[PDB]
Amino acid sequence: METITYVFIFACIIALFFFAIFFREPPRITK
Amino acid sequence: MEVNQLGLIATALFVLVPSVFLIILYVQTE
Amino acid sequence: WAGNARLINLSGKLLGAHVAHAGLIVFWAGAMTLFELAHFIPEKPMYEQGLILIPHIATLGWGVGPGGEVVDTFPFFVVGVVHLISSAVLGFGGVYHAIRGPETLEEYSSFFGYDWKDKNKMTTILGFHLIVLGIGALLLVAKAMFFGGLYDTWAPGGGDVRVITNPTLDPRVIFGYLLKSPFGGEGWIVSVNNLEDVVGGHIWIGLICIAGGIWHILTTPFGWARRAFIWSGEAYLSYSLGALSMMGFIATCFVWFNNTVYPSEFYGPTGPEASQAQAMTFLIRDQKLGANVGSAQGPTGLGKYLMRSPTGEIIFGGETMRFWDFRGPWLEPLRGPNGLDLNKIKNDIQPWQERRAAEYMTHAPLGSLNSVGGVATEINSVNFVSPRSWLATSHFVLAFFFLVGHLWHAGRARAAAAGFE
Amino acid sequence: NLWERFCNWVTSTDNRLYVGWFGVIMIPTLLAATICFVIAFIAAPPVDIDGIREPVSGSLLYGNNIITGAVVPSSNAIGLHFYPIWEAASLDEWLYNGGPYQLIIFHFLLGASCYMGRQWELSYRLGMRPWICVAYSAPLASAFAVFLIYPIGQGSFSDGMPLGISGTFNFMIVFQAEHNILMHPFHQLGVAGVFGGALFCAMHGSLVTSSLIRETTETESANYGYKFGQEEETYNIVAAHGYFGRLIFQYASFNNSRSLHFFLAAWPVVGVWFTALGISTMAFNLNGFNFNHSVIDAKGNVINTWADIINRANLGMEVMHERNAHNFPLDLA
Amino acid sequence: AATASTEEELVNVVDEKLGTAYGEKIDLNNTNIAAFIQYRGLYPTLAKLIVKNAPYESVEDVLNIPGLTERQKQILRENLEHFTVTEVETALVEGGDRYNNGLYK
Amino acid sequence: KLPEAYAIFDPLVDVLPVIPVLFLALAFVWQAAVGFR
Amino acid sequence: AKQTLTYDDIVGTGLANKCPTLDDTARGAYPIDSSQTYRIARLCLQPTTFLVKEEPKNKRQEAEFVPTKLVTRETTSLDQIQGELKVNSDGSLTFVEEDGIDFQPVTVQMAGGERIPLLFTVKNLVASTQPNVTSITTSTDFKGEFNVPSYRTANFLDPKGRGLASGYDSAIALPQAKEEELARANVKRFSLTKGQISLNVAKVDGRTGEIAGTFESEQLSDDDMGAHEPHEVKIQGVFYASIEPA
Amino acid sequence: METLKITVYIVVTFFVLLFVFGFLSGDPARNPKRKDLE
Amino acid sequence: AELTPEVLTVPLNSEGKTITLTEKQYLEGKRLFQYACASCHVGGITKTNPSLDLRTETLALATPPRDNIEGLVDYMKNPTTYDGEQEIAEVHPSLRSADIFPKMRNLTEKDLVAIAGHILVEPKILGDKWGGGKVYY
Ligand code: CLA
Ligand code: CLA
Ligand code: CLA
Ligand code: CLA
Ligand code: CLA
Ligand code: CLA
Ligand code: CLA
Ligand code: CLA
Ligand SMILES: CC1=C(/C=C/C(C)=C/C=C/C(C)=C/C=C/C=C(C)/C=C/C=C(C)/C=C/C2=C(C)CCCC2(C)C)C(C)(C)CCC1
Ligand code: OEC
Ligand SMILES: [Fe+3]
């Protein structure tokens, strides 16, 4: 269990990747 | 092995509070 | 102050420069050879002073007896002088061609020496310089077979200068070295054990150089070659630039792990030599204290002196187990089928072998900037730094930066073709 | 015909990345490393680093916490040889002799190398200069130095550099106890490059932040950005160049933006350039300085110079590094 | 939760407990050769032999080693007084008792 | 020292081999005299 | 005798470990010339498999031997000895060795992954053959005993440094702790043990190459001077043996 | 496992021919954004 | 606290006569030691045979005695096992083995004496250190 917790917080840091890189807010020049 | 079980609760709340916190604010934003 | 970049297109000045720096390279050849035969003392391990070229000169077995420093002093003075004067012969040339006047408008000249972007002329100039290496290479061959030999460290007794006969000219053997794993002891070019391979391995180059020099002379590059490569002046540097880098590495690693080419007798002992040398030194020491080498059991259960290699042979134990691939003239006679013969060991071990072990083991390539010899912790009363560590060290450095150069100049050829100029 | 349709794909924008000829190797490579590596850290069995039969296990399942360690170096027996999977027998074996190490390393360097190429190639498809290719070259070169050159200079990948947090520390310690780095200019310039970057990355961003366009839609309740379309850019460089200049002296300050940003990429990169060399130079035993003795010829009484108490610590550690794996008196590698 | 029969047996270090018959004289059956160097001309050759003909039941029995020379005996006598004997200790002996012991340097 | 009869020149020979470096030096002085361009 | 297979050839696929072969000629012939003189010996030793018999459901077991997987690759084998062959007052042959080779192979037991390192011993060996000298290959016999020390030596220092002859005497990290339970580990113990091995000759030949046969030995595992009790072991393989005195 | 060794090499060289033949490529060659010379 | 005469007033022979060296010499001792020794005898400790040092006390127990100069000189010319039963000239530097230890070829009687002096004066200066390397170990 000391384990799953180091894993759990791991899967999130990769889940955050995907979601940050593929679901980010657009950088547009519409301005 | 021997670990202090309070760590879990500590380390889980660290993950949630500040996170929950920010989760509330990103919704009010939209 | 990109001064040297303003010269790019006025080939009339580059000749002035290329032949100016070409004058330094030779200058150093004399300034150092003479500086060495200067400080140089006879009968003291070449390498325990701090020399580099002489060792090269004795490599070619120019002046030496069975692993005996030098019987004839002179051979080095010749080299020291020649190159020191070739430095003026060219200093004159570089300077002149640099200052007296540019090129490309001399009609009969442009017929003998053309310019860039002209694949057929660049090609032609290239082949030329290829006909020159084809020769220098083959000259080395001459100096081993019909001339004052070359230094063979192998069989037998002392391996003084020996002349070679019928070099390994087999078509297979030569490129086999190219097709072999560059790992664990086996580095393609480094694996070169027999000195005869080395001679024959040079004969084929020259034939290949020459057969090529002429080839481009007569032929301009095909389509595929034209659409892959660019043709700017800067871009040809990027090609040549990165080529040299690889080699810096090449030779460096080539330096650390000796092939007869770098007889450890001048250069010193190999990083592994020292370790393996330390194992052997102690078998004897205890053997003299009546210790039985086969039944030894080190705190690990691996036997202090003897253990195996994954493929199952015998090798000196201890961290020096990672250098069982090591081979030299002293450790070999104990070698036999299945690894080291426990029976030649305790029975047939000559004394002159303990000497070499002790000497090498004693002059471990290990050193610091203060030239402090041995472990990082020793006292400053011993000066030494194996030439190899010097060559390996400095030369690594250049092979690196130089690569940084392959990136910088080749990435700038992409800015000429259309990018930023 | 098809062959042409494929290349066009690889070559331009794909709404996620750019995967040019360089990432044709980089993508499958760095994947094998990632996967292998993640799993090695969560379950790898113990591995005996130095040939000795004393396995070390730095994996999650086998009783470790994150800092405690990870993927351990190949055996010292296979040390310098090529250790693939096919080349061995059962994986129970492989797993013991450090296989994961080599496998992960080599793929990573190659794809690490290509990640660099990829950086340049994108420049060629976007008409911009080729510099970023060069600044990456510093750490990359360094990784190689630590993960390759050394084990290549030393005689075995074992003691390359463990893939754990903890072992990183070990590698460091053992390292300066064996080669004494602290007192080596290349690691000195290294601290210069780094402490440099810190002082500069703070300086720049600090000033760039102080000399902003004080009057652009910024009030005390809101703070919203700029976008290329914004001509004058964010700050009044005259205010910054004036500020810094008045803090020390005119010369001290930077006139234009090129000398500013060029400096930012010059200091760090050429610092690590050297350090990465530092290691590579001590990979073949050209260890740092060592002023072990200063005397009083009076009697010859040895006087200890601050540096000796450095050798006093370097000492204690030499003695116990790789306890019980030494059979002979002096280490030679 | 244990007893003295078990505990005591374990609470024993083979080497520690020898620290009584040992330390005052050289032990003739086990100590590494380098312990012989602290006496006049005893090292090189005798050391080699005393070690190889072990174990002995009485310090004096060294004299019986074969092939010895006249003087050899003479010197052993003068030093005999510095030797001692004790039962062979499994540890110290099955690991090159002569050189295993940290080469101090 | 094995130069025999030339003995006389250890000196110049000793400070000799450095010059290749000093070449770099003039280069910058050359520039100083030419205002750096 | 001389057809040289260079170390250059062998370093390739690992032949060292496999003992030399004796293929066709089956002439168990070797004389009583022993009664006439004496003989020495040089023996190669190699195995085919290892066996760990571990099982703890006490009172309900007859034979529990599981096969094993080699973690320490191509190591086992290596055993290059010298030994003298004597004739006793009753016509049997006895063996006594000189160099004493030994090895350290580790094996991973399927069931628990539980790795088991054994010290492969042959040290101090003693051998025997049944009745007479009139026959050899026909009726093959050779059996005797071992002496088995400990995988680790007095100098071996464990994770917290504490053994016999060196190493701390306690668990430093925990000063004010109970010494009782930790005793076990804070003190090292050296074990010397029982050895058992047997031989069977399947091919004897000519006048130079003399023996080759079925291996079979039984020793004890490593206990780590004070840890878990040793798991028993059984080893089987092949071997090579030459002889000649005159 | 010899089956594995083989499989690998195929894979590896496979993606090599894609690197090599991707550059020598008569089709894409050295096509940039600012100028195409064909 | 300077280098003194007493310091250099070293034993010359077994019986009881002594010679007091000079400044000039002492220094040549080092220079020579470092030249054909240090490498193997750094700081007065054998690298090849750690169980045998060059401390003064251990030299007196040799055969023949070696706590004085004449003994060392003899050793440098011809070697003697700690007991004096083997001729180790084919193993240890010796004026008699110049042909194998080229560093020896040049040496002279005056130099041996000085080298010997260096080895006997050192310990009075360094003390324990020169022995098994205290500061050094
Ligand atoms: C094959 C050889 C080679 C050649 C012919 C060139 C040629 C050129 N380079 Mg390139 N370069 C090379 C290798 C080469 N380079 C390598 C290996 C690298 C990687 C480090 C570079 C990196 C590089 C950069 C970063 C730049 C160039 C530039 C240029 C142009 C420069 C004109 C100039 O201003 O020089 C002026 C040169 C100097 C002031 C020399 C500084 C040298 C250092 C500081 C000396 C260190 C010595 C040290 C004191 C010794 C200590 C003693 C020792 C015993 C311990 C010229 C076309 C410039 C350009 O714009 O290109 C078009 C440019 O910006 N080059
Ligand atoms: C690798 C060495 C090197 C070389 C070969 C060159 C070469 C050159 N540089 Mg570059 N340069 C270098 C390094 C180098 N540079 C570096 C490191 C920098 C940065 C500091 C520069 C910065 C630079 C600038 C800023 C400029 C050049 C220019 C030039 C060209 C000048 C031509 C001339 O006639 O000058 C005039 C010549 C002299 C003043 C004479 C020097 C005489 C020498 C020292 C004599 C040596 C003695 C001789 C061997 C005696 C022979 C006797 C006989 C009997 C044997 C020339 C091709 C210029 C240019 O525009 O080129 C296109 C220019 O403006 N360079
Ligand atoms: C015709 C073919 C040709 C040949 C054979 C060479 C050969 C050479 N070039 Mg050149 N080059 C050529 C064409 C050629 N080049 C062209 C067309 C160009 C473009 C303009 C260049 C541009 C160029 C540059 C920019 C540089 C060179 C350099 C070099 C030298 C490199 C080192 C070497 O390999 O030494 C191996 C050595 C030899 C082959 C020895 C040759 C000497 C023998 C003994 C002949 C002596 C003959 C003498 C003339 C006799 C007359 C006596 C009189 C009393 C009658 C080499 C001598 C480099 C150099 O360092 O300059 C010198 C250099 O930087 N070359
Ligand atoms: C890298 C290797 C290298 C290379 C490739 C070259 C290459 C070259 N060298 Mg160089 N050289 C080198 C190294 C090298 N050199 C070195 C190391 C030195 C120093 C030893 C020299 C010294 C050197 C000299 C001294 C000369 C050359 C010349 C030449 C060119 C000769 C071509 C020819 O057909 O001449 C054949 C010669 C002729 C056709 C001469 C015609 C004479 C002129 C037109 C007379 C003008 C006078 C007229 C009466 C004036 C009227 C004025 C009115 C007011 C009264 C050629 C480009 C020559 C040159 O550039 O001159 C053309 C030259 O004179 N080189
Ligand atoms: C073809 C490659 C080649 C190779 C592998 C060698 C190798 C060797 N040479 Mg030889 N040599 C060569 C060509 C070569 N030489 C040529 C052409 C000449 C005439 C100029 C000589 C002249 C020569 C002499 C005079 C001497 C040697 C010596 C030696 C040994 C030196 C130790 C060393 O430091 O090597 C350094 C090795 C390298 C830097 C390897 C470079 C590896 C390859 C070739 C690079 C491939 C990349 C390149 C960019 C390819 C372009 C192709 C294009 C289609 C893209 C070594 C075995 C010494 C010795 O004692 O030997 C008897 C010696 O004294 N060589
Ligand atoms: C001086 C070095 C040299 C250089 C720079 C070149 C350069 C070139 N050659 Mg030439 N060549 C050389 C030497 C050289 N060659 C020699 C010595 C020979 C005789 C065998 C040839 C024979 C030759 C032929 C037959 C052809 C060329 C062609 C070409 C062009 C090919 C385009 C290309 O690179 O495609 C991409 C390149 C590759 C796929 C090859 C990468 C090879 C690696 C880097 C080197 C491997 C080297 C080897 C293993 C080392 C030797 C080790 C030693 C121990 C034995 C290019 C301009 C072509 C051409 O111009 O067409 C008309 C062509 O058809 N060359
Ligand atoms: C003097 C001869 C010599 C030379 C030149 C080399 C050279 C090299 N060694 Mg070797 N070595 C030698 C002797 C030598 N060694 C000896 C005697 C030993 C005995 C111990 C070793 C042991 C050794 C080890 C243990 C290792 C090396 C490694 C390396 C490489 C390091 C640079 C790199 O990262 O490349 C990266 C690759 C390139 C720049 C590719 C160049 C080839 C063409 C131009 C590109 C192909 C492109 C494509 C994307 C890649 C396909 C590659 C393929 C393997 C899948 C370099 C090629 C390291 C390595 O990475 O192994 C190969 C390594 O770990 N060497
Ligand atoms: C508080 C005072 C203090 C000071 C003054 C220093 C100073 C130094 N430390 Mg130390 N250090 C300290 C505390 C201190 N340290 C503490 C508390 C620790 C932790 C225990 C350390 C740990 C430490 C380590 C581990 C190391 C150092 C090192 C160094 C040297 C680093 C050089 C460097 O590049 O720095 C970074 C700073 C810069 C690159 C820039 C400084 C600014 C310069 C002077 C400006 C020059 C500009 C010029 C005047 C104007 C040009 C104008 C322009 C427009 C053209 C330096 C001498 C390193 C070393 O090499 O040791 C010898 C090293 O490895 N230090
Ligand atoms: C920086 C620069 C440059 C460059 C330069 C150069 C490149 C130079 C070179 C130079 C050179 C390349 C030189 C050479 C020289 C030489 C000399 C000067 C020599 C001398 C000699 C002598 C004197 C002799 C010796 C001897 C002998 C032989 C014998 C014995 C004795 C004696 C020792 C005496 C230029 C211009 C581009 C531009 C600007 C800058
Ligand atoms: Mn990993 O290590 Ca290069 O120092 Mn000595 O040898 Mn092995 O002991 Mn430590
Ligand atoms: Fe900025």
# chains A, B, ... in the order shown; residues from 1 in each chain; ligands from 1
$ residues_near_ligand --ligand "ligand 7" --cutoff "7 Å" --atoms "only C-alpha atoms and all ligand atoms" --output "PyMOL selection string"
(chain C and resi 182-191+246-247+249-254+257) or (chain D and resi 25+80-81+106+110+148+152+155) or (chain H and resi 12+16+19)
$ residues_near_ligand --ligand "ligand 9" --cutoff "6 Å" --atoms "only C-alpha atoms and all ligand atoms" --output "list in words"
residues 17, 20, 21, 23, 24, 81, 85, 87, 88, 90, 91 and 95 of chain C; 13, 23, 24, 26 and 27 of chain F
$ atom_distance --atom1 "atom 26 (C, counted along the ligand's line) of ligand 8" --atom2 "CA of residue 188 in chain D"
6.5 Å
$ residues_near_ligand --ligand "ligand 10" --cutoff "10 Å" --atoms "only C-alpha atoms and all ligand atoms" --output "JSON, numbers by chain"
{"C": [275, 318, 319, 320, 375], "D": [49, 50, 76, 150, 151, 154, 155, 156, 157, 158, 159, 160, 171, 174, 175, 177, 178, 179, 283, 318, 319, 320, 321, 322, 323, 324, 325, 326, 330, 331, 332, 333]}
$ write_last_selection --atoms "N, CA, C and O atoms" --output "compact mmCIF listing (two decimals), in the first residue's frame"
# COMPACT_ATOMS: atom_id res chain seq x y z
N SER C 275 44.93 -3.46 -13.52
CA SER C 275 44.14 -4.36 -12.68
C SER C 275 44.55 -5.82 -12.82
O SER C 275 44.93 -6.47 -11.84
N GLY C 318 38.00 -10.57 -8.50
CA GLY C 318 38.16 -9.24 -7.95
C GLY C 318 37.52 -8.32 -8.96
O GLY C 318 37.08 -8.81 -9.99
N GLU C 319 37.45 -7.02 -8.73
CA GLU C 319 36.81 -6.22 -9.75
C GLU C 319 37.47 -6.45 -11.10
O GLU C 319 36.83 -6.29 -12.13
N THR C 320 38.74 -6.88 -11.10
CA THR C 320 39.44 -7.13 -12.36
C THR C 320 38.86 -8.29 -13.14
O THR C 320 39.54 -8.90 -13.98
N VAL C 375 45.85 6.66 -6.89
CA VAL C 375 44.56 7.02 -6.31
C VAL C 375 44.39 8.49 -5.92
O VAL C 375 45.32 9.13 -5.44
N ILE D 49 24.85 -5.73 -8.67
CA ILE D 49 25.67 -4.79 -9.40
C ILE D 49 27.07 -5.21 -9.76
O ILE D 49 27.46 -5.18 -10.92
N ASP D 50 27.83 -5.60 -8.75
CA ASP D 50 29.23 -5.91 -8.97
C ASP D 50 29.68 -7.36 -9.14
O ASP D 50 30.79 -7.71 -8.71
N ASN D 76 28.68 -6.68 -13.00
CA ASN D 76 30.03 -6.28 -13.29
C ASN D 76 30.65 -7.41 -14.08
O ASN D 76 31.74 -7.25 -14.63
N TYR D 150 31.72 6.97 -19.32
CA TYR D 150 32.31 6.44 -18.09
C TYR D 150 32.30 4.94 -18.09
O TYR D 150 33.34 4.32 -18.05
N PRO D 151 31.11 4.32 -18.09
CA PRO D 151 31.25 2.87 -18.10
C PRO D 151 32.15 2.40 -19.22
O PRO D 151 32.75 1.34 -19.12
N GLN D 154 35.60 3.12 -17.81
CA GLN D 154 35.84 2.31 -16.62
C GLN D 154 35.91 0.80 -16.78
O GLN D 154 36.58 0.13 -16.00
N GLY D 155 35.20 0.25 -17.76
CA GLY D 155 35.25 -1.19 -17.94
C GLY D 155 34.00 -1.99 -17.61
O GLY D 155 34.05 -3.21 -17.51
N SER D 156 32.88 -1.30 -17.43
CA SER D 156 31.63 -1.96 -17.13
C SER D 156 30.52 -0.97 -16.81
O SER D 156 30.69 -0.02 -16.04
N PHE D 157 29.37 -1.22 -17.43
CA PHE D 157 28.19 -0.40 -17.25
C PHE D 157 27.80 -0.38 -15.81
O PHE D 157 27.27 0.62 -15.32
N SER D 158 28.04 -1.48 -15.11
CA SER D 158 27.76 -1.49 -13.69
C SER D 158 28.48 -0.21 -13.21
O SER D 158 29.60 0.10 -13.67
N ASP D 159 27.83 0.56 -12.34
CA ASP D 159 28.42 1.81 -11.87
C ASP D 159 28.45 2.81 -13.02
O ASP D 159 29.45 3.51 -13.23
N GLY D 160 27.36 2.83 -13.77
CA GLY D 160 27.19 3.79 -14.85
C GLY D 160 26.55 4.84 -13.97
O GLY D 160 27.25 5.64 -13.37
N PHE D 171 26.18 7.43 -6.79
CA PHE D 171 27.08 7.71 -7.90
C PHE D 171 27.91 8.96 -7.67
O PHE D 171 29.08 9.00 -8.02
N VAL D 174 30.44 8.23 -4.25
CA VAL D 174 31.50 7.33 -4.67
C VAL D 174 32.43 8.02 -5.64
O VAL D 174 33.65 7.93 -5.54
N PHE D 175 31.83 8.72 -6.59
CA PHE D 175 32.55 9.42 -7.64
C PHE D 175 33.62 10.39 -7.18
O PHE D 175 34.73 10.36 -7.69
N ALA D 177 34.89 10.44 -4.32
CA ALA D 177 35.76 9.78 -3.36
C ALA D 177 36.77 9.02 -4.17
O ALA D 177 37.84 8.71 -3.68
N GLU D 178 36.44 8.75 -5.42
CA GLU D 178 37.32 8.00 -6.31
C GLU D 178 38.16 8.87 -7.28
O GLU D 178 39.29 8.51 -7.61
N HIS D 179 37.59 9.98 -7.75
CA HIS D 179 38.27 10.88 -8.69
C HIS D 179 38.46 12.31 -8.13
O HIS D 179 39.12 13.13 -8.76
N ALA D 283 36.73 9.91 -16.81
CA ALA D 283 36.25 8.59 -17.19
C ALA D 283 37.46 7.76 -17.57
O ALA D 283 37.44 6.53 -17.54
N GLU D 318 36.30 6.21 0.44
CA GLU D 318 37.01 5.30 -0.46
C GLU D 318 36.99 3.94 0.22
O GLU D 318 36.53 2.93 -0.34
N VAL D 319 37.47 3.94 1.45
CA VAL D 319 37.58 2.75 2.27
C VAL D 319 36.36 1.84 2.25
O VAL D 319 36.49 0.61 2.16
N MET D 320 35.18 2.44 2.30
CA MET D 320 33.94 1.66 2.35
C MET D 320 33.01 1.60 1.14
O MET D 320 31.89 1.09 1.24
N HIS D 321 33.47 2.10 0.00
CA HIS D 321 32.64 2.07 -1.18
C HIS D 321 32.74 0.68 -1.74
O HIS D 321 33.83 0.15 -1.89
N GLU D 322 31.60 0.07 -2.04
CA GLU D 322 31.63 -1.29 -2.56
C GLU D 322 32.34 -2.18 -1.55
O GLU D 322 33.26 -2.90 -1.90
N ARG D 323 31.92 -2.09 -0.29
CA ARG D 323 32.47 -2.90 0.78
C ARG D 323 32.59 -4.32 0.23
O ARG D 323 31.94 -4.68 -0.74
N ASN D 324 33.42 -5.14 0.86
CA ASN D 324 33.64 -6.53 0.45
C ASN D 324 33.55 -6.97 -1.03
O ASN D 324 33.04 -8.03 -1.31
N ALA D 325 34.07 -6.19 -1.96
CA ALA D 325 34.07 -6.61 -3.36
C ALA D 325 35.50 -6.47 -3.89
O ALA D 325 35.75 -6.70 -5.08
N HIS D 326 36.39 -6.07 -2.98
CA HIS D 326 37.81 -5.86 -3.23
C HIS D 326 38.62 -6.97 -2.58
O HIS D 326 38.47 -7.24 -1.39
N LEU D 330 44.99 -2.13 -3.69
CA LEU D 330 44.65 -0.87 -4.34
C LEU D 330 43.68 -1.01 -5.48
O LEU D 330 43.87 -1.83 -6.36
N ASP D 331 42.64 -0.19 -5.45
CA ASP D 331 41.66 -0.20 -6.53
C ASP D 331 42.38 0.40 -7.72
O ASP D 331 43.17 1.33 -7.58
N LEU D 332 42.11 -0.12 -8.91
CA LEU D 332 42.75 0.43 -10.08
C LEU D 332 41.73 0.82 -11.17
O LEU D 332 42.10 0.87 -12.33
N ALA D 333 40.49 1.12 -10.81
CA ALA D 333 39.49 1.42 -11.81
C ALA D 333 38.18 1.83 -11.14
O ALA D 333 38.07 3.02 -10.90
$ residues_around --residues "residue 104 in chain G" --least-positions-apart "3" --cutoff "8 Å" --atoms "only C-alpha atoms" --output "MDAnalysis selection string"
(chainID C and resid 301:302) or (chainID G and resid 75:76 117:120 151)
$ residues_near_ligand --ligand "ligand 1" --cutoff "6 Å" --atoms "only C-alpha atoms and all ligand atoms" --output "NGL selection string"
:C and (1-5 or 241 or 401-402 or 404-405)
$ decode --residues "range 33-44 of chain E" --atoms "N, CA, C and O atoms" --output "CSV table (one decimal), in the first residue's frame"
chain,number,residue,atom,x,y,z
E,33,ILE,N,50.2,-15.4,8.1
E,33,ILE,CA,51.7,-15.4,8.1
E,33,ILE,C,52.2,-14.1,8.6
E,33,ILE,O,53.1,-14.0,9.5
E,34,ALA,N,51.7,-13.0,8.1
E,34,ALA,CA,52.2,-11.7,8.5
E,34,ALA,C,52.3,-11.4,10.0
E,34,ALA,O,52.8,-10.3,10.4
E,35,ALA,N,51.9,-12.4,10.8
E,35,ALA,CA,52.1,-12.1,12.3
E,35,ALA,C,53.5,-12.5,12.7
E,35,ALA,O,53.9,-12.2,13.8
E,36,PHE,N,54.2,-13.2,11.8
E,36,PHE,CA,55.5,-13.7,12.0
E,36,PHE,C,56.5,-12.6,11.8
E,36,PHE,O,57.7,-12.7,12.3
E,37,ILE,N,56.2,-11.6,11.1
E,37,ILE,CA,57.1,-10.6,10.9
E,37,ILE,C,57.6,-9.8,12.1
E,37,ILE,O,58.7,-9.2,12.0
E,38,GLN,N,56.9,-9.9,13.2
E,38,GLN,CA,57.3,-9.1,14.3
E,38,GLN,C,58.4,-9.8,15.2
E,38,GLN,O,58.7,-9.3,16.3
E,39,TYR,N,59.1,-10.8,14.6
E,39,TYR,CA,60.2,-11.4,15.3
E,39,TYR,C,61.4,-11.6,14.3
E,39,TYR,O,61.2,-11.7,13.1
E,40,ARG,N,62.6,-11.7,14.9
E,40,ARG,CA,63.8,-11.8,14.1
E,40,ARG,C,63.9,-13.0,13.2
E,40,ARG,O,63.8,-14.2,13.7
E,41,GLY,N,64.1,-12.8,11.9
E,41,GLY,CA,64.2,-13.8,10.9
E,41,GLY,C,63.4,-15.0,11.1
E,41,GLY,O,63.8,-16.1,11.1
E,42,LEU,N,62.1,-14.8,11.1
E,42,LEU,CA,61.2,-15.9,11.3
E,42,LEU,C,60.2,-16.0,10.1
E,42,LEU,O,59.7,-17.1,9.8
E,43,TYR,N,60.1,-14.9,9.4
E,43,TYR,CA,59.1,-14.8,8.3
E,43,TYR,C,59.2,-15.7,7.1
E,43,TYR,O,58.8,-16.9,7.0
E,44,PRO,N,59.9,-15.2,6.0
E,44,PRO,CA,60.1,-15.9,4.8
E,44,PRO,C,59.8,-17.4,4.7
E,44,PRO,O,58.7,-17.9,4.3
